[PDB]
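The form deposited in one PDB entry is given below as one chain in C-alpha cells.
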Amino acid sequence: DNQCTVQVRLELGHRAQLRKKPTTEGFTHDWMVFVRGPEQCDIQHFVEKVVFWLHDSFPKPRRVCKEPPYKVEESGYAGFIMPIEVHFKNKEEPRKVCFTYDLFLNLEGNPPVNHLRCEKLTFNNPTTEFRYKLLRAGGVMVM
C-alpha cells in the first residue's frame, strides 16, 4: 500500500596503463576512474554529484563532478585507495553513499588495467518524488 523498495545499479571502474614515455614530471601511468549506470540507465536522474578523493599528493585532490560524465583522468606514479561519494537528489535520508575504490596500476610490465565493480543500491519507501527519479534512471521495484 505505502511500502515499496527500488533498486538501482551503479558501476564504478577504472583504467590504468604504463606510458611508453613518462611525462616531463616523470608520471609513469595514465589512469581514469568513473561512476556510471549500466547502458540505457541515466543515473543523472537521481545522482546530484560524485566526489572522487585522489591521494593528497594530487593538486585539489578533492574532485567533484556535478554532471556526467562522473570521471577523473590523471597521470601519476602509483595506485592508492580512493574514497568516492555518490550524492543523491534525495530530500530524505539517505543523501549519499561512500565507497573505498581500489585504484591499482599495472605493476611490472603487466598489461593495462580495466576494472569494473557493480554496486546495487536498495532504497526502502522512497518519497514519490525521489522514487520517480530512481525509476526514471532505470531503477526497478522489488519485495
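Take the two forms, superpose them, and find the largest set of C-alpha atoms that agree within 1.5 Å; that set is the rigid core. Just count from 1 along the sequence shown to find any residue number.
Judged by mean Cα B factor in the deposited record, 53-61 ranks above the other of 53-61 and 114-122.
Comparing the deposited coordinates for 39-47 and 80-88, the stretch with the larger average C-alpha B-factor is 39-47.
In this PDB entry, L103 carries a Cα temperature factor that places it within the middle third of its chain's modelled residues. In the deposited entry, the Cα temperature factor of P68 sits in the bottom third of values across the chain's modelled residues. In the PDB entry, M141 places in the highest third of its chain by CA B-factor. Among the modelled residues of its chain, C4 has a C-alpha B-factor that falls in the highest third, as given in the PDB entry.
Placement of the Cα temperature factor of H14 within the chain: lowest third of the modelled residues, per the deposited record.
Quick note: we don't show the form deposited in another entry, though the next part is all about it.
Once you line up the core between the shown form and the other one, the CA of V113 is the only one from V113, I84, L54, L103 that shifts by 2 Å or more.
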